[PDB]
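*Asks:* Can you read through this structure? Questions will come right after.
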Amino acid sequence: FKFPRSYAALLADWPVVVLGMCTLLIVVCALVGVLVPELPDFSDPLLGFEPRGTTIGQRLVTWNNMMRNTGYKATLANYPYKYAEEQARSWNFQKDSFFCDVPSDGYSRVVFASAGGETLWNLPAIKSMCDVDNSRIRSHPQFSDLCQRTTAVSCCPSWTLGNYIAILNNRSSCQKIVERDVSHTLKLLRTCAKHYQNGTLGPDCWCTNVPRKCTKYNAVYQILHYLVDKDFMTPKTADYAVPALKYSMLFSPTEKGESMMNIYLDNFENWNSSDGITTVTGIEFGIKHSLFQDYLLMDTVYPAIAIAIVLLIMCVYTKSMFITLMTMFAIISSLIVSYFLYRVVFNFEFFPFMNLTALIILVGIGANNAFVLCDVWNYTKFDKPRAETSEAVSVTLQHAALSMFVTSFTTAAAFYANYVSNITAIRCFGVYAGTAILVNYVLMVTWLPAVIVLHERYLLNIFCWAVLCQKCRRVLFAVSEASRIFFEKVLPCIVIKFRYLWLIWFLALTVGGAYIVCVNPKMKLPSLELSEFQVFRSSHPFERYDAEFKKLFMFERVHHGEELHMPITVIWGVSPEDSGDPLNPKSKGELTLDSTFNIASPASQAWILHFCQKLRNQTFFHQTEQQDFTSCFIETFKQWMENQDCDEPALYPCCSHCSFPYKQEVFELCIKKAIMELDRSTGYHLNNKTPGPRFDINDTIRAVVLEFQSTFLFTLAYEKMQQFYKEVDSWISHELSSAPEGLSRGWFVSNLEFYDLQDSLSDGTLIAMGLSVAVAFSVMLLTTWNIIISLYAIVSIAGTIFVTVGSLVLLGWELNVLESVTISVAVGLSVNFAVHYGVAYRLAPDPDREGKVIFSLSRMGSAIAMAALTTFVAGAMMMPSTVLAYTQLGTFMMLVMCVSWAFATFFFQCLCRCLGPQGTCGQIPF
Ligand SMILES: CC(C)CCC[C@@H](C)[C@H]1CC[C@H]2[C@@H]3CC=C4C[C@@H](OC(=O)CCC(=O)O)CC[C@]4(C)[C@H]3CC[C@]12C
Ligand SMILES: CC(C)CCC[C@@H](C)[C@H]1CC[C@H]2[C@@H]3CC=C4C[C@@H](OC(=O)CCC(=O)O)CC[C@]4(C)[C@H]3CC[C@]12C
Ligand SMILES: CC(C)CCC[C@@H](C)[C@H]1CC[C@H]2[C@@H]3CC=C4C[C@@H](OC(=O)CCC(=O)O)CC[C@]4(C)[C@H]3CC[C@]12C
Ligand SMILES: CC(C)CCC[C@@H](C)[C@H]1CC[C@H]2[C@@H]3CC=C4C[C@@H](OC(=O)CCC(=O)O)CC[C@]4(C)[C@H]3CC[C@]12C
Ligand SMILES: CC(C)CCC[C@@H](C)[C@H]1CC[C@H]2[C@@H]3CC=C4C[C@@H](OC(=O)CCC(=O)O)CC[C@]4(C)[C@H]3CC[C@]12C
Ligand SMILES: CC(C)CCC[C@@H](C)[C@H]1CC[C@H]2[C@@H]3CC=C4C[C@@H](OC(=O)CCC(=O)O)CC[C@]4(C)[C@H]3CC[C@]12C
Ligand SMILES: CC(C)CCC[C@@H](C)[C@H]1CC[C@H]2[C@@H]3CC=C4C[C@@H](OC(=O)CCC(=O)O)CC[C@]4(C)[C@H]3CC[C@]12C
Ligand SMILES: CC(C)CCC[C@@H](C)[C@H]1CC[C@H]2[C@@H]3CC=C4C[C@@H](OC(=O)CCC(=O)O)CC[C@]4(C)[C@H]3CC[C@]12C
Ligand SMILES: CC(C)CCC[C@@H](C)[C@H]1CC[C@H]2[C@@H]3CC=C4C[C@@H](OC(=O)CCC(=O)O)CC[C@]4(C)[C@H]3CC[C@]12C
Ligand SMILES: CC(C)CCC[C@@H](C)[C@H]1CC[C@H]2[C@@H]3CC=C4C[C@@H](OC(=O)CCC(=O)O)CC[C@]4(C)[C@H]3CC[C@]12C
Ligand SMILES: CC(C)CCC[C@@H](C)[C@H]1CC[C@H]2[C@@H]3CC=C4C[C@@H](OC(=O)CCC(=O)O)CC[C@]4(C)[C@H]3CC[C@]12C
Ligand SMILES: CC(C)CCC[C@@H](C)[C@H]1CC[C@H]2[C@@H]3CC=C4C[C@@H](OC(=O)CCC(=O)O)CC[C@]4(C)[C@H]3CC[C@]12C
Ligand SMILES: CC(C)CCC[C@@H](C)[C@H]1CC[C@H]2[C@@H]3CC=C4C[C@@H](OC(=O)CCC(=O)O)CC[C@]4(C)[C@H]3CC[C@]12C
Ligand SMILES: CC(C)CCC[C@@H](C)[C@H]1CC[C@H]2[C@@H]3CC=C4C[C@@H](OC(=O)CCC(=O)O)CC[C@]4(C)[C@H]3CC[C@]12C
Ligand SMILES: *[C@@H]1O[C@H](CO)[C@@H](O)[C@H](O)[C@H]1NC(C)=O
Ligand SMILES: *[C@@H]1O[C@H](CO)[C@@H](O)[C@H](O)[C@H]1NC(C)=O
Ligand SMILES: *[C@@H]1O[C@H](CO)[C@@H](O)[C@H](O)[C@H]1NC(C)=O
Ligand SMILES: *[C@@H]1O[C@H](CO)[C@@H](O)[C@H](O)[C@H]1NC(C)=O
């Protein structure tokens with residue numbers, strides 16, 4: 001084909017070649033990306049929330065692998081199974097005055113409130129609950145088969161006040177009851193409220209120290225413990241004029257689980273939840289996460305509206321459909337090419353649901369690039385209106401391709417910085433967004449200028465409804481002038497005239513941000529446990545169950561408030577190595593057994609026994625009065641040997657006669673005898689959790705695990721949990737340094753999964769900050785070449801972070817997973833506005849501060865404002881969503897927009913006006 005002597009001439013001369021080449025290369029990526037890599041799945045929205053490389057993580061996955069692999073013939077067995085061959089060679093309640101069970105979690109249940117009225121205790125509300133149960137749940141066909149029935153005729157009653165009250169007044173059903181029953185039951189509860197709080201009127205009855213009449217169907221306990229707000233009856237029960245019920249819970253005689261999915265979708269999901277007298281306000285059918293997949297897809301409309309509005313804006317700004325359509329096509333196609341790269345070339349086997357949320361980011365920064373290019377192109381068409389097309393292209397690129405790089409590169413580098421995190425979902429998201437930004441940048445340099453050539457080559461030729469078009473052209477020209485004089489005079493006037501106000505005002509706002517984030521109420525690590533994470537909008541009937549009602553109903557409030565000790569576990573022979581893929585959350589290593597290990601050497605037998613007793617002196621050991629003969633198994637073996645009198649040839653190696661550091665071989669024999677005996681000397685059977693030795697397929701000892709209870713208690717609170725971990729690990733890790741060989745390389749673990757996420761979120765955040773700020777500062781130097789300007793730019797950027805993070809703290813964000821990503825992103829999104837003002841301030845020909853800033857503002861203000869405004873409106877478009885991440889990104893985009901725009905237009909322009917380098921002293925040579 002024909003040859004042009006320059007790239008800017010290839011654009012001018014054969015732009016169609018560029019478009020053909022690019023559309024080909026999009027479409028082959030679309031094809032391979034659809035065909036070859038398996039489709040992403042969000043049926044588990046938590047899937048990659050897992051720190052990997054962390055020492056606690058490697059220990060945990062190793063331990064988890066041991067539990068998984070332990071079992072009969074398989075590797076790392078729990079008994080000496082080869083030796084275990086040798087031992088073989090050697091409805092109407094006034095009849096139906098009972099419930100099919102006492103309810104619990106594991107049943108499907110709902111929580112009622114009322115839209116008005118101060119107590120649910122009134123008869124109409126009671127009847128409303130049993131009515132709406134019938135009308136929403138029992139009315140469904142499938143329920144009749146889901147039921148924990150006793151007969152087909154009427155399968156089983158639910159648990160609700162409406163049923164207990166009936167039995168307690170010998171009525172047939174909820175529909176028969178009267179306010180005499182309600183008052184009589186209220187008298188029962190007001191009498192029996194005191195007994196229940198003590199626990200004297202306990203769960204099992206029909207208790208013993210309490211009047212039998214209070215507890216005849218065992219009912220009172222169940223009512224107060226399951227059905228009713230813990231605040232309904234209290235020590236103030238009689239101090240209340242009448243007790244007030246804010247909430248009640250109702251239990252279906254059907255499972256909490258996937259089986260409910262139809263009934264929810266059928267009868268709950270899009271009802272107004274109400275009869276006014278009552279409202280369902282919490283629901284737990286268990287389907288919370290399994291519904292997510294479907295919900296995410298319903299919400300993608302909001303992203304689609306965001307794109308449709310970003311189109312409209314770019315049309316109005318560019319005065320063409322065509323440039324706006326082909327830019328939008330480029331923006332979209334970059335997600336396809338990057339998706340191809342991410343699955344195929346980079347060979348990542350997993351794609352977090354979060355990556356879809358990067359679309360709404362990338363359309364914002366896509367429009368940002370489109371603005372500065374079309375703007376500078378139009379500057380060339382004004383600065384040099386008569387030009388040859390390739391020359392005009394060249395000078396446009398000489399200007400724009402640099403600035404449009406550093407918008408993009410700083411933002412990509414902020415997303416790739418999240419690859420430093422130990423968390424797989426974050427590392428993946430940080431890479432996908434990073435590539436899609438850079439792919440989009442390449443299209444904005446190759447594809448887009450070719451379209452600008454086509455626009456001048458052809459598209460100007462094409463030209464009541466007959467005049468309303470002209471009305472609009474007139475009016476939009478009027479705003480083009482009003483906006484022009486606003487930027488070219490008014491905004492500079494505002495900034496200079498009140499410079500001193502703007503400086504202290506924004507400065508105080510940053511201190512507010514810094515105080516809020518860093519001291520009070522300090523930015524907090526997540527403290528709902530992972531298996532209960534929020535995924536829907538906080539108003540949503542599922543989220544209110546985990547968020548509010550688990551605090552309020554006694555069985556929940558107690559069961560999740562109960563004390564459990566940390567099972568301090570210590571392990572040897574298995575190495576603490578994770579050999580899985582550090583990005584694919586489906587992958588894990590197997591075991592890796594260590595040839596240096598043994599226990600049968602008498603030196604080991606001595607040291608390990610001694611070590612348990614040393615482990616028994618440490619302050620953190622909870623010395624139970626109950627004795628676990630599997631904790632420190634070797635003691636149990638020692639005393640068993642000592643109990644073993646000898647009167648047979650077979651028992652000579654296992655004689656009590658021998659000194660405790662036994663010969664390795666007789667240890668290796670007698671240990672098998674002792675443990676295989678445990679099926680007979682006790683009824684207890686081992687399982688994969690059970691402490692003790694562990695076996696080869698041919699029952700050499702390959703490993704051993706010991707376990708002990710802490711003084712400490714299980715908690716989600718990072719500080720207390722950290723105190724526990726650091727103490728116990730430090731002591732064990734020190735003490736192991738004393739051990740004879742092979743025991744030299746043990747390690748410790750216990751129920752620490754949620755702690756390791758918290759500890760990995762803070763470090764993963766902070767380091768991705770330090771990295772993203774460092775790169776953002778380097779770009780600031782490399783563009784402005786003036787250390788003074790860069791210092792101010794960095795101060796303003798830092799200020800935006802403190803105000804955004806501070807306001808997100810006040811909005812009540814934990815440092816949970818998505819949120820902890822966004823904080824790095826904020827650095828990338830913030831920096832580019834300060835870069836634009838920075839370069840324009842140097843490029844000002846004016847000799848003085850005021851001239852320099854006036855030039856910078858008048859030159860950039862429109863394009864900056866569009867970048868902010870488009871991103872902001874795209875963000876706002878996510879607000880109506882139902883999925884939390886969509887709304888969470890939404891708030892964040894709006895907020896970081898205003899804040900970064902405000903600091904970049906005001907504060908940064910004070911520091912230039914009020915302190916800017918007008919002498920050359922801040923400048924550095926190439
Ligand atoms: C993502 C995909 C759908 C993008 C596909 C790009 C097309 C819409 C572009 C590529 C080349 C363009 C064409 C290049 C040349 C011409 C010839 C031109 O015809 C004339 O009458 C003038 C001919 C001349 O003197 O050059 C009108 C515009 C048109 C059809 C252009 C219309 C838009 C086209 C087909
Ligand atoms: C809620 C939204 C969807 C309604 C309002 C949006 C309009 C004000 C936008 C949408 C597309 C835009 C148009 C895209 C392309 C052109 C071609 C161009 O046509 C000409 O004949 C040149 C006239 C001139 O510039 O003087 C003039 C601008 C115009 C009408 C744009 C003006 C502003 C428009 C009508
Ligand atoms: C970066 C963006 C622009 C692209 C990201 C990849 C998408 C092309 C993937 C992500 C999730 C996928 C969806 C996940 C689930 C479903 C339900 C599925 O429903 C069925 O009836 C088939 C069920 C099955 O066999 O899996 C149809 C495909 C679809 C929409 C998938 C189509 C391809 C999707 C949209
Ligand atoms: C990873 C790959 C696929 C990206 C490829 C993109 C390039 C083809 C783009 C990026 C920036 C563009 C450049 C932006 C600015 C200029 C400067 C301009 O002027 C000079 O080079 C003057 C040199 C002199 O001083 O003599 C000529 C076009 C050129 C190189 C552009 C040509 C096309 C470039 C190299
Ligand atoms: C893997 C991909 C994403 C990397 C792509 C990087 C390039 C697009 C960068 C690297 C070096 C940059 C170039 C370094 C130096 C120059 C010379 C510069 O020449 C000028 O005339 C400067 C003075 C002036 O603007 O008047 C114009 C921009 C240009 C080509 C830069 C444009 C953007 C470039 C090609
Ligand atoms: C907008 C335009 C300029 C396209 C974007 C350019 C690049 C960002 C992409 C597009 C297709 C990619 C290529 C697709 C296929 C291959 C084959 C691949 O071959 C190997 O032997 C891979 C071995 C392996 O690592 O497994 C090497 C990378 C390469 C050239 C890729 C490098 C990056 C490319 C050039
Ligand atoms: C609920 C949703 C559907 C509401 C959508 C409202 C938008 C259509 C409004 C909100 C803000 C408006 C914008 C406010 C500021 C500007 C900048 C203004 O810029 C200039 O006039 C530049 C003139 C030039 O230099 O050529 C053009 C109109 C525009 C994009 C406005 C067009 C109409 C916008 C996008
Ligand atoms: C480089 C400067 C000039 C600009 C600002 C960037 C960072 C220094 C800021 C942004 C977000 C802040 C972080 C937000 C959240 C946390 C988690 C927080 O973790 C805790 O365990 C707090 C106590 C608890 O949760 O009980 C410790 C501080 C830290 C890293 C903050 C410290 C200061 C950070 C890293
Ligand atoms: C993904 C990798 C390739 C990124 C590497 C870091 C980039 C941010 C660096 C690499 C080369 C640098 C460029 C090398 C040379 C120059 C020329 C230098 O002087 C001029 O051209 C003056 C232009 C003007 O007056 O603004 C301006 C900075 C610039 C574009 C540098 C900007 C920052 C660049 C693109
Ligand atoms: C006042 C001027 C300066 C304009 C400010 C921006 C507005 C154009 C838009 C953008 C985002 C919008 C808000 C986005 C979300 C909501 C939440 C919505 O309320 C709820 O979701 C909470 C209901 C509850 O639980 O009480 C009420 C409208 C509101 C405040 C919107 C009101 C109009 C806002 C501020
Ligand atoms: C002018 C520019 C800035 C764009 C304006 C976008 C608006 C069209 C958005 C911003 C806030 C949105 C509102 C934010 C919150 C809600 C509550 C939401 O309440 C529900 O019942 C659904 C959620 C639930 O199930 O709890 C219904 C949509 C609505 C009114 C949204 C409708 C669309 C609004 C007004
Ligand atoms: C002149 C304008 C364009 C500049 C100032 C912009 C503000 C009006 C924006 C920036 C951030 C926005 C907020 C970002 C996040 C939220 C949370 C959102 O949800 C709730 O507040 C739910 C909980 C509650 O109701 O307390 C409601 C909208 C709100 C306050 C937004 C309202 C509009 C705000 C304050
Ligand atoms: C969403 C966040 C990131 C803020 C984005 C920047 C806005 C604050 C800018 C963009 C366009 C600006 C507007 C452009 C033009 C005008 C007309 C201007 O009109 C006059 O001064 C009066 C003229 C007369 O005499 O009739 C008043 C300010 C206003 C609304 C500007 C107010 C500030 C705006 C909305
Ligand atoms: C353009 C300039 C002025 C900077 C950007 C606008 C800020 C001043 C906005 C952006 C987000 C706003 C915050 C968004 C959410 C909230 C939560 C809201 O509720 C609470 O703090 C309740 C406190 C309590 O219960 O006592 C009060 C307003 C506040 C702090 C807002 C205060 C004003 C903020 C920081
Ligand atoms: C309860 O109802 C039954 C009839 O269904 C009746 O025999 C009985 O006397 C009633 N009263 C009591 C206290 O059980
Ligand atoms: C909607 O909610 C109100 C709450 O008062 C309730 O009265 C009404 O019956 C519900 N359903 C319909 C169809 O209006
Ligand atoms: C410390 O442990 C040894 C056995 O390891 C025991 O004899 C000694 O009494 C313990 N000391 C204290 C203070 O508990
Ligand atoms: C015993 O098991 C080990 C590892 O499982 C294996 O290498 C060895 O060959 C086995 N020996 C016999 C005799 O089964």
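Each position is counted from 1, following the chain as shown.
Just so you know, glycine gets a Cβ as well, placed from its N, Cα and C.
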*Asks:* May I ask you to name which of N170, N378, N422 Swiss-Prot has annotated as N-linked glycosylation site?
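*Replies:* Per Swiss-Prot, the residue annotated as N-linked glycosylation site is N378.
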*Asks:* Quickly, which of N198, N688 does Swiss-Prot have down as N-linked glycosylation site? Just give the residue.
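*Replies:* So the answer, going by Swiss-Prot, is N198.
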*Asks:* Return the stretch with the most CB pairs under 8 A relative to the transmembrane segment (864-884), choosing among 345-365, 400-420, 769-789.
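*Replies:* Top-ranked stretch among 345-365, 400-420, 769-789: 345-365.
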*Asks:* Using other CB atoms within 10 angstroms as the count, which residue among the glycosylation sites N198, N378 scores least?
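*Replies:* It is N198 that, of the glycosylation sites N198, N378, has the fewest other Cβ atoms within 10 Å.
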*Asks:* Please check if the transmembrane segment (434-454) comes into contact with the transmembrane segment (345-365), where contact means 3 or more CB pairs closer than 8 Å and the residues in each pair are separated by 6 or more positions.
*Replies:* yes
*Asks:* Please report how many Å separate the Cα atom of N378 (N-linked glycosylation site) from that of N198 (N-linked glycosylation site), as a whole number.
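*Replies:* Roughly 81 Å, rounded to the nearest whole number.
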*Asks:* Could you tell me what the rest of the chain brings near the transmembrane segment (769-789), counting residues at least six beyond its ends with Cβ under 8 Å?
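*Replies:* Cβ under 8 Å, 6 or more out: 402, 406, 409-410, 413-414, 417, 420, 797-798, 801, 823-824, 827-828, 830-831, 834-835, 838-839, 841-842, 912, 916-917, 921-924, 926.
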*Asks:* Sort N378 (N-linked glycosylation site) into helix, strand or coil using the DSSP assignment.
*Replies:* helix
*Asks:* Relative to the transmembrane segment (500-520), which of 321-341, 400-420, 892-912 accounts for the most Cβ pairs at distances under 8 Å?
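*Replies:* Out of the listed stretches, 892-912 contacts the transmembrane segment (500-520) most.
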*Asks:* So what's near the transmembrane segment (892-912) in sequence-distant terms, Cβ-Cβ under 8 Å and 6+ beyond its ends?
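*Replies:* For the transmembrane segment (892-912), the list is 360-361, 364, 491, 495, 499-500, 502-503, 506-507, 789, 792-793, 795-797, 799-800, 803-804, 807-808, 822, 826, 829-830, 833-834, 836-837, 841, 849, 852-853, 856-857, 861, 864-865, 868-869, 871-872, 874-876, 878.
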*Asks:* Determine which residues of the chain contact the transmembrane segment (791-811) at the Cβ level, with the cut-off under 8 Å and only residues 6 or more beyond its ends counted.
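*Replies:* Those are 506-507, 509-517, 521-523, 769, 773, 776-777, 780, 784, 819, 823, 826-827, 830-831, 834-835, 837-838, 891-892, 895-896, 899-900, 903-904, 907-908, 911-912, 915-916, in sequence order.
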